[PDB]
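Below: my_file_26.pdb (PDB, C-alpha atoms)
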```pdb
ATOM      1  CA  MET A  43      -9.586 -33.030 -29.134  1.00  0.00           C
ATOM      2  CA  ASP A  44      -7.140 -32.146 -26.359  1.00  0.00           C
ATOM      3  CA  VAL A  45      -3.949 -30.104 -26.016  1.00  0.00           C
ATOM      4  CA  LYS A  46      -1.903 -28.552 -23.211  1.00  0.00           C
ATOM      5  CA  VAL A  47      -1.159 -24.914 -24.038  1.00  0.00           C
ATOM      6  CA  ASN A  48       1.045 -22.500 -22.095  1.00  0.00           C
ATOM      7  CA  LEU A  49       1.586 -18.749 -21.760  1.00  0.00           C
ATOM      8  CA  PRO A  50       5.372 -18.211 -21.581  1.00  0.00           C
ATOM      9  CA  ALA A  51       6.537 -14.643 -20.973  1.00  0.00           C
ATOM     10  CA  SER A  52       9.180 -12.649 -19.100  1.00  0.00           C
ATOM     11  CA  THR A  53      10.350  -9.060 -18.637  1.00  0.00           C
ATOM     12  CA  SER A  54      13.548  -7.742 -17.057  1.00  0.00           C
ATOM     13  CA  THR A  55      13.119  -4.249 -15.615  1.00  0.00           C
ATOM     14  CA  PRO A  56      15.329  -2.025 -13.421  1.00  0.00           C
ATOM     15  CA  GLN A  57      14.921  -1.573  -9.666  1.00  0.00           C
ATOM     16  CA  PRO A  58      16.667   1.559  -8.329  1.00  0.00           C
ATOM     17  CA  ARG A  59      16.737   2.268  -4.594  1.00  0.00           C
ATOM     18  CA  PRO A  60      16.875   6.075  -4.218  1.00  0.00           C
ATOM     19  CA  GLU A  61      16.790   7.959  -0.916  1.00  0.00           C
ATOM     20  CA  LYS A  62      14.119  10.479   0.079  1.00  0.00           C
ATOM     21  CA  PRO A  63      12.744  12.184   3.217  1.00  0.00           C
ATOM     22  CA  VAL A  64       9.831  10.779   5.218  1.00  0.00           C
ATOM     23  CA  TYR A  65       6.566  12.691   4.831  1.00  0.00           C
ATOM     24  CA  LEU A  66       3.291  11.698   6.491  1.00  0.00           C
ATOM     25  CA  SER A  67      -0.167  12.746   5.302  1.00  0.00           C
ATOM     26  CA  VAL A  68      -3.527  12.019   6.927  1.00  0.00           C
ATOM     27  CA  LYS A  69      -7.084  12.844   5.861  1.00  0.00           C
ATOM     28  CA  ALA A  70     -10.740  12.205   6.695  1.00  0.00           C
ATOM     29  CA  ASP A  71     -11.713  11.083  10.197  1.00  0.00           C
ATOM     30  CA  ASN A  72      -8.491   9.063  10.317  1.00  0.00           C
ATOM     31  CA  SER A  73      -6.761   7.729   7.203  1.00  0.00           C
ATOM     32  CA  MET A  74      -3.057   7.626   6.346  1.00  0.00           C
ATOM     33  CA  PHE A  75      -1.886   8.001   2.746  1.00  0.00           C
ATOM     34  CA  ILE A  76       1.845   8.151   2.026  1.00  0.00           C
ATOM     35  CA  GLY A  77       3.307   9.130  -1.332  1.00  0.00           C
ATOM     36  CA  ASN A  78       2.331   6.130  -3.444  1.00  0.00           C
ATOM     37  CA  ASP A  79       2.170   4.143  -0.205  1.00  0.00           C
ATOM     38  CA  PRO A  80      -1.334   4.064   1.333  1.00  0.00           C
ATOM     39  CA  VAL A  81      -1.758   2.636   4.832  1.00  0.00           C
ATOM     40  CA  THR A  82      -4.143   2.436   7.788  1.00  0.00           C
ATOM     41  CA  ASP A  83      -4.139   3.430  11.458  1.00  0.00           C
ATOM     42  CA  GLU A  84      -3.440  -0.225  12.250  1.00  0.00           C
ATOM     43  CA  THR A  85      -0.535  -1.004   9.922  1.00  0.00           C
ATOM     44  CA  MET A  86       0.773   2.544  10.325  1.00  0.00           C
ATOM     45  CA  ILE A  87       3.550   1.336  12.626  1.00  0.00           C
ATOM     46  CA  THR A  88       4.393  -1.904  10.823  1.00  0.00           C
ATOM     47  CA  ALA A  89       4.363  -0.170   7.439  1.00  0.00           C
ATOM     48  CA  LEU A  90       6.418   2.752   8.746  1.00  0.00           C
ATOM     49  CA  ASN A  91       9.117   0.363   9.963  1.00  0.00           C
ATOM     50  CA  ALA A  92       8.919  -1.544   6.679  1.00  0.00           C
ATOM     51  CA  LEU A  93       9.652   1.674   4.789  1.00  0.00           C
ATOM     52  CA  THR A  94      12.042   3.419   7.178  1.00  0.00           C
ATOM     53  CA  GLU A  95      13.584   0.074   8.128  1.00  0.00           C
ATOM     54  CA  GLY A  96      12.412   0.835  11.654  1.00  0.00           C
ATOM     55  CA  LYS A  97      14.297   4.114  11.989  1.00  0.00           C
ATOM     56  CA  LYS A  98      12.729   6.627  14.377  1.00  0.00           C
ATOM     57  CA  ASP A  99      15.888   8.744  14.359  1.00  0.00           C
ATOM     58  CA  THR A 100      14.807  10.489  11.157  1.00  0.00           C
ATOM     59  CA  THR A 101      13.119  13.891  10.954  1.00  0.00           C
ATOM     60  CA  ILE A 102       9.659  12.925   9.710  1.00  0.00           C
ATOM     61  CA  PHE A 103       7.084  15.596   8.877  1.00  0.00           C
ATOM     62  CA  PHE A 104       3.567  15.016  10.205  1.00  0.00           C
ATOM     63  CA  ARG A 105       0.962  16.474   7.848  1.00  0.00           C
ATOM     64  CA  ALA A 106      -2.572  16.349   9.245  1.00  0.00           C
ATOM     65  CA  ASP A 107      -5.601  17.391   7.193  1.00  0.00           C
ATOM     66  CA  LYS A 108      -7.472  20.528   8.256  1.00  0.00           C
ATOM     67  CA  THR A 109     -10.486  18.303   8.919  1.00  0.00           C
ATOM     68  CA  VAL A 110      -8.862  16.440  11.809  1.00  0.00           C
ATOM     69  CA  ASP A 111     -10.533  16.115  15.209  1.00  0.00           C
ATOM     70  CA  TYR A 112      -8.997  16.492  18.668  1.00  0.00           C
ATOM     71  CA  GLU A 113      -9.432  12.781  19.378  1.00  0.00           C
ATOM     72  CA  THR A 114      -7.594  11.889  16.169  1.00  0.00           C
ATOM     73  CA  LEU A 115      -4.544  14.070  16.808  1.00  0.00           C
ATOM     74  CA  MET A 116      -4.542  12.774  20.385  1.00  0.00           C
ATOM     75  CA  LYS A 117      -4.459   9.158  19.207  1.00  0.00           C
ATOM     76  CA  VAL A 118      -1.781   9.572  16.538  1.00  0.00           C
ATOM     77  CA  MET A 119       0.416  11.415  19.035  1.00  0.00           C
ATOM     78  CA  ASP A 120      -0.024   8.938  21.890  1.00  0.00           C
ATOM     79  CA  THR A 121       0.504   6.147  19.360  1.00  0.00           C
ATOM     80  CA  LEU A 122       3.693   7.488  17.780  1.00  0.00           C
ATOM     81  CA  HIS A 123       4.894   8.572  21.222  1.00  0.00           C
ATOM     82  CA  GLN A 124       4.697   5.089  22.742  1.00  0.00           C
ATOM     83  CA  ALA A 125       6.020   3.661  19.475  1.00  0.00           C
ATOM     84  CA  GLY A 126       9.136   5.814  19.660  1.00  0.00           C
ATOM     85  CA  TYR A 127       9.548   8.628  17.146  1.00  0.00           C
ATOM     86  CA  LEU A 128      11.603  11.260  18.966  1.00  0.00           C
ATOM     87  CA  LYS A 129      12.209  13.410  15.888  1.00  0.00           C
ATOM     88  CA  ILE A 130       8.945  14.382  14.197  1.00  0.00           C
ATOM     89  CA  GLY A 131       8.880  17.738  12.434  1.00  0.00           C
ATOM     90  CA  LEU A 132       5.654  19.731  12.631  1.00  0.00           C
ATOM     91  CA  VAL A 133       4.807  20.781   9.075  1.00  0.00           C
ATOM     92  CA  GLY A 134       3.267  24.235   8.812  1.00  0.00           C
ATOM     93  CA  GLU A 135       3.819  24.802  12.525  1.00  0.00           C
ATOM     94  CA  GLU A 136       6.865  26.390  14.159  1.00  0.00           C
ATOM     95  CA  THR A 137       5.374  28.160  17.178  1.00  0.00           C
ATOM     96  CA  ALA A 138       5.813  27.396  20.877  1.00  0.00           C
ATOM     97  CA  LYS A 139       3.580  28.127  23.868  1.00  0.00           C
ATOM     98  CA  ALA A 140       3.714  27.647  27.640  1.00  0.00           C
ATOM     99  CA  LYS A 141       1.951  28.791  30.810  1.00  0.00           C
TER     100      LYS A 141
END
```
Written as structure tokens, that's how I'd like the structure from this file.
Amino acid sequence: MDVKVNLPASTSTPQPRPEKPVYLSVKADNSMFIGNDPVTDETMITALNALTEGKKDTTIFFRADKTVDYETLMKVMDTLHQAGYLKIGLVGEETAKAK
């Protein structure tokens, strides 16, 4: 008793490529979670470039959880700063200060 069986199957579905704004969202001690596109603090740059095709000339909103520490915001800033990003909108924050 022996026979070679197979599981043939195929499905043709659409694949639209719409355009939408870039919105960042972080939570916990330090965890990035984009809309249906979760990432880490390590692949944050690589992933970002893979999604925005490496475009730092786009107004991206930086949404940081209310449970973020000073060290976290200091790392993300210094990281995105050295990695470019010269146009990052500050969500829920439009106030300036100097002294």
**OP:** Let me know the residues the PyMOL selection byres ((chain A and resi 75) around 12) catches in the file above, as a list in words.
**Re:**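 Given this file, the PyMOL selection byres ((chain A and resi 75) around 12) evaluates to residues 65, 66, 67, 68, 69, 70, 72, 73, 74, 76, 77, 78, 79, 80, 81, 82, 83, 85, 86, 89, 90, 104, 105, 106 and 107 of chain A.
Pairwise distance (CA of residue 64 (chain A), CA of residue 103 (chain A)) equals 6.6 Å.
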Original post:
Got a sec: who's within 12 Å of residue 126 (chain A), counting all atoms listed in the file, leaving out chain neighbours fewer than 3 positions off, as a list in words?
Top reply: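 These residues fall inside the cut-off: residues 87, 90, 91, 96, 97, 98, 99, 100, 118, 119, 120, 121, 122, 123, 129 and 130 of chain A.
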Subject >> Straight-line distance linking CA of residue 88 (chain A) with CA of residue 112 (chain A), stated in Å to one decimal >> reply: 24.1 Å
Original post:
Can you tell me how far CA of residue 63 (chain A) sits from CA of residue 131 (chain A), in Å to one decimal?
Top reply: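 One can read the CA of residue 63 (chain A) to CA of residue 131 (chain A) distance as 11.4 Å.
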Original post:
Of the residues A:101, A:84, A:59, A:45, which is the one nearest to residue 132 (chain A), using only C-alpha atoms?
Top reply: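 Ranking A:101, A:84, A:59, A:45 by distance to residue 132 (chain A), first place goes to A:101.
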Kindly add N, CA and C atoms to the incomplete region 88-104 of chain A and provide the output as a short mmCIF file (atom, residue, chain, number, x, y, z; two decimals), in the coordinates of the input.
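Generated output (rebuild-v9.cif):
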```cif
data_model
loop_
_atom_site.label_atom_id
_atom_site.label_comp_id
_atom_site.auth_asym_id
_atom_site.auth_seq_id
_atom_site.Cartn_x
_atom_site.Cartn_y
_atom_site.Cartn_z
N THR A 88 3.74 -0.84 11.58
CA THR A 88 4.39 -1.90 10.82
C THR A 88 4.89 -1.39 9.48
N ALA A 89 4.01 -0.71 8.74
CA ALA A 89 4.36 -0.17 7.44
C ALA A 89 5.50 0.84 7.55
N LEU A 90 5.40 1.73 8.53
CA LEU A 90 6.42 2.75 8.75
C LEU A 90 7.79 2.12 8.91
N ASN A 91 7.86 1.06 9.72
CA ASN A 91 9.12 0.36 9.96
C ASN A 91 9.58 -0.38 8.71
N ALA A 92 8.61 -0.82 7.91
CA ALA A 92 8.92 -1.54 6.68
C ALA A 92 9.48 -0.61 5.62
N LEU A 93 9.18 0.68 5.74
CA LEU A 93 9.65 1.67 4.79
C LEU A 93 10.92 2.35 5.30
N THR A 94 10.90 2.76 6.57
CA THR A 94 12.04 3.42 7.18
C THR A 94 12.96 2.41 7.86
N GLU A 95 12.77 1.13 7.54
CA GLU A 95 13.58 0.07 8.13
C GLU A 95 13.60 0.18 9.65
N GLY A 96 12.51 0.69 10.21
CA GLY A 96 12.41 0.84 11.65
C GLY A 96 13.38 1.87 12.20
N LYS A 97 13.41 3.04 11.57
CA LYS A 97 14.30 4.11 11.99
C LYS A 97 13.50 5.32 12.47
N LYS A 98 13.46 5.51 13.79
CA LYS A 98 12.73 6.63 14.38
C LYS A 98 13.66 7.80 14.64
N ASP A 99 14.90 7.69 14.18
CA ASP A 99 15.89 8.74 14.36
C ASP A 99 15.96 9.64 13.13
N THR A 100 14.87 9.67 12.36
CA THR A 100 14.81 10.49 11.16
C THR A 100 13.72 11.55 11.27
N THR A 101 14.06 12.78 10.90
CA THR A 101 13.12 13.89 10.95
C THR A 101 11.96 13.67 9.99
N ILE A 102 10.84 13.18 10.52
CA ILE A 102 9.66 12.92 9.71
C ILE A 102 8.61 14.01 9.92
N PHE A 103 8.10 14.55 8.82
CA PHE A 103 7.08 15.60 8.88
C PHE A 103 5.69 15.00 9.01
N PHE A 104 4.92 15.50 9.97
CA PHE A 104 3.57 15.02 10.20
C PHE A 104 2.53 15.99 9.64
#
```
